[PDB]
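What follows is one chain in structure tokens, specifically the form solved without the partner chain.
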């Protein structure tokens, strides 16, 4: 008599049991977030670039011939544009070296042009301090970006015993004072991908083993300010194939020997430009010929402009399994003060005007809670499934012992 709903007690097992086994096959994960004060923490690499690509005093006669149009300094008939914009003192200088009567074109490449005309760390870096220790231009590695000759502090390449951070605050990080040298900025007479309307620098904080994409990803620092950048290192760990679609951390993709989102982007930005312009830009890796100024203006610029703005399809990247993110909070105070302008003016052999317009202090450091791990953890292991459907079996063929008793 009392056994009709005992096979109905089998119906309860089925419904409850069949969902815990479906839940496993969804392969669900939870998140383990730990914000903590670390010790012996590795300091990131800091890349920076002047927003002006070429120093006006270094642009030679041959430099202007090959690259003039690309820099919007010459029209098509190799002369100064009909318009343009002043300048009483500069137009004298430029038209003198725009005189091509007497001139025969000499060999030219953009990498050497960037390298020589590009702004120099040795005259930009007025002051460097990391953790009490004073750094020099030696502590900065030259790296080429779409901006030109750029510089990486703490690149930590070749034997260099990487710099560590212990606690929070400005003192436990990097401080640099810079002269952006506005009096060396190329006159802007038109708009091209090489000229800008802005004075200042671009900065990007990244892992030593991930290349910069400062054109796209970087932050700006304005001249005539001290800028505080309070940071936090975020370690993001993901789960392999069955739970999430991450690509393996330890390589292995193309021109760089560490897989990251940025490396993957530059990888096929190189492929794309080679497969379309027969040409690579200055900042791209590989061994293809460097783009000639004519190829930059006709092919290489629009090609990369297409990839970084229009493309929805060609250069897309998978998620790596390890990602380092840098949370940052920015802040400014004015430099110089009325009470200090004259000091710095004298100290660096400069006008008081100049100091207010060119001088810049950068502070990169971490806050107290400097380290964050965001790791995806498995929610239902195989053993926990068996221990749940097992203890589910012995509940309707094991806890029936107390219902038939009553």
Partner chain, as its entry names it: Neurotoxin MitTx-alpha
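Residue numbers count along the first chain shown, from 1. In this text, rigid core is short for the largest set of C-alphas that superpose within 1.5 Å between two forms.
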* To do: Establish whether the other compared PDB entries of this protein leave residue 253 unmodelled at least a third of the time.
  => yes
The stretch whose C-alpha atoms carry the larger average B-factor in the entry, 31-39 or 334-342, is 31-39
As the entry reports it, the stretch among 22-30 and 54-62 with higher mean C-alpha B factor is 22-30
Among 255, 140, 114, 189, the highest C-alpha B-factor in the PDB entry belongs to 255
Per the deposited B-factor column, the C-alpha that peaks among 180, 86, 121, 237 belongs to 86
Assert third(CA B-factor, residue 296) within chain per record equals middle
Of the three thirds of Cα B-factor ranks in this chain, residue 73 occupies the highest
Chain thirds by Cα B factor, record data; residue 108 belongs to the middle
On the chain's distribution of Cα B-factors, residue 168 falls within the third called middle
Among the modelled residues of its chain, the C-alpha B-factor of residue 381 falls in the third labelled highest
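Although not depicted, the form deposited with the partner chain bound is the subject of the following passage.
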Exactly one of 255, 108, 314, 100 comes within 4.5 Å of the partner chain in the deposited complex through a heavy atom, and that residue is 314
Note: exactly one of 289, 137, 286, 244 sits with a heavy atom within 4.5 Å of the partner chain in the deposited complex, namely 244
Given 100-108, 113-121, 148-156, 316-324, the stretch touching the partner chain in the deposited complex at heavy atoms within 4.5 Å is 316-324
Can residue 58 be called a contact residue for the partner chain in the deposited complex at 4.5 Å between heavy atoms? no
(message) Considering non-hydrogen atoms and a 4.5 Å limit, does the partner chain approach residue 268 in the deposited complex?
(response) yes
Those residues of 18-50 with a non-hydrogen atom no more than 4.5 Å from the partner chain in the deposited complex are 25, 26, 27, 28, 29
Exercise for the section: Taking the rigid core as the superposition reference, indicate whether the CA of residue 37 shifts 2 angstroms or more between this form and the one not shown. Expected result: yes
Against the rigid core, is the Cα displacement of residue 341 between this form and the one not shown at least 2 Å? no
- Message: Superposing on the rigid core, is the Cα displacement of residue 244 between this form and the one not shown 2 Å or more?
- Response: yes
